[PDB]
Amino acid sequence: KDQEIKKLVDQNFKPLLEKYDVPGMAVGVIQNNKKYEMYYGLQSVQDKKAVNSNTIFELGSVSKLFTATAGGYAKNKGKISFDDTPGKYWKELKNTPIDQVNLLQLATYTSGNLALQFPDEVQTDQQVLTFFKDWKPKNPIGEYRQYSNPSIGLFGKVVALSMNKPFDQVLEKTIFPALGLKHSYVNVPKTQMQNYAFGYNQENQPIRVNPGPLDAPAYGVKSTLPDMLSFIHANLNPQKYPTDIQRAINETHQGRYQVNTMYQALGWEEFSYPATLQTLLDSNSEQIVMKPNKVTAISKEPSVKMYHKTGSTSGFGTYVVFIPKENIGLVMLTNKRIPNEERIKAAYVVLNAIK
Ligand SMILES: *[B@]([O])([C][N]S(=O)(=O)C1=[C][C]=C(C2=NN=N[N]2)[C]=[C]1)OP([O])([O])=O
């Protein structure tokens with residue numbers, strides 16, 4: 001039955017490469033503290049270079065899981081409180097309307113007036129500040145979820161301030177080493193550049209992620225399959241990790257509110273396990289991801305939880321899912337974006353099939 005993991009991944013993930021003309025894929029499963037790595041295709045088409053365990057992929061919004069973790073770590077070191085407001089850490093925002101939004105609300109997208117992206121004209125340090133100064137409320141604060149790069153991006157920048165280090169150094173010098181990660185970066189160094197995949201766009205042109213305002217906390221991490229698998233292992237089995245990072249991790253698992261069947265935890269999305277396929281699919285529906293939705297308090301506290309997160313940049317897809325009580329998880333990394341539904345559906349069949 002260990003011998004079936006490979007066959008399951010070939011049945012469910014492998015056809016997506018022909019169907020979506022994807023150059024390269026890495027799929028990892030972890031089960032009962034045993035890791036399985038499946039690699040497909042090429043990290044770079046023009047160089048005929050294979051996907052392998054050194055291959056670095058862009059994680060996109062799976063990056064928000066690291067930001068959430070950095071938030072949990074800073075809360076439990078007493079550097080921040082989730083009841084604080086950003087003006088306490090970014091002086092220049094004190095007494096402004098955005099300083100009525102607390103850090104949890106920023107992290108969990110409920111400021112009530114923040115869209116998916118910054119405006120394209122917002123780019124520099126000063127334009128970012130200016131944007132947050134000029135910010136004014138729209139929906140009642142804390143009542144409306146709209147998925148948002150600037151919201152969690154500011155939470156990220158506040159966490160770095162509370163730690164007196166820029167955000168990239170928070171991850172690379174504190175958070176990634178505490179998790180045992182060897183090849184995860186906000187900035188891929190010179191000596192690893194030959195391991196960094198090209199991404200491929202919808203016209204199969206090789207591309208990489210562009211700079212943008214507060215990109216690191218929102219979508220700027222790159223990692224390998226083994227690293228991601230270690231991250232899922234941390235999440236599934238955090239007793240082995242330093243106390244500090246354990247408390248951080250636990251903090252990311254606590255659901256804060258519900259949108260019907262989807263609970264919003266810190267970074268992660270949480271569901272009752274077992275979740276139906278449609279529950280997992282509808283979590284990244286146009287309605288949930290693209291438009292405001294009024295949240296409610298958690299009514300049904302799930303006893304057995306599962307967690308997932310999707311991520312995309314223009315050239316890369318990512319999906320990450322784990323279920324504590326089954327001691328199982330999966331990671332998919334592609335260097336071409338494929339529909340979220342496909343990633344979700346393939347992971348559902350594999351994880352169900354293994355028990
Ligand atoms: B995350 O992956 C955020 N998705 S996004 O639509 O906001 C997005 C951010 C950044 C890029 C990009 N910048 N430079 N190159 N590519 C593209 C898209 O959430 P998710 O999983 O997509 O819902």
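All heavy atoms count here, side chains included; hydrogens, waters and symmetry mates do not. Both ligands and their constituent atoms are indexed starting at 1 by order of listing. FYI, the numbering just counts along the sequence from 1.
- Closest protein heavy atom to atom 5 (S) of ligand 1: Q117 NE2, 3.6 Å.
- Residue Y147 approaches ligand 1 through these ligand atoms, each under 4.0 Å from one of its heavy atoms: 1 (B), 19 (O), 20 (P), 23 (O).
- The distance from ligand 1 to the heavy atoms of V209 drops below 4.0 Å at these ligand atoms: 13 (N), 14 (N), 15 (N).
- Between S312 and ligand 1, at least one N/O pair is under 3.5 Å apart.
- Side-chain contact, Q258 with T296: a donor N or O sits under 3.5 Å from an acceptor N or O.
- Comparing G311, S283, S314 by heavy-atom distance to atom 12 (C) of ligand 1, the nearest is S314.
- In summary, the side chains of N235 and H253 do present a donor paired with an acceptor at a separation below 3.5 Å, with no hydrogens or angles considered.
- Considering backbone and side-chain atoms alike, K64 places every N or O at 3.5 Å or more from each N or O of ligand 1.
- Defined by atom type and a distance below 3.5 Å, a donor-acceptor pair is missing between the side-chain atoms of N54 and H183.
- Protein heavy atom closest to atom 2 (O) of ligand 1, with residue, atom name and distance, is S61 OG, 2.5 Å.
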Verdict with supporting geometry, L179 and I249, side-chain contact (heavy atoms from CB on, under 4.5 Å): CA-CA 10 Å; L179 296 163; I249 287 159; 3.8 Å; yes
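- For the 3.5 Å distance criterion, the side chains of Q127 and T130 fail to qualify, holding no donor opposite an acceptor.
- No N or O atom of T313 sits closer than 3.5 Å to an N or O atom of ligand 1.
- Of the options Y307, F271, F231, a ring-ring contact (aromatic ring centres under 6.0 Å, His included) to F322 is made by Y307 and by none of the others.
- Close approach of ligand 1 to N210 is summarised as follows: ligand atoms under 4.0 Å from at least one heavy atom of the residue are 14 (N), 15 (N).
- Under 3.5 Å, the side chains of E58 and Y196 contain a donor-acceptor pair of N or O atoms.
- Under 4.0 Å from ligand 1, not a single heavy atom of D215 appears.
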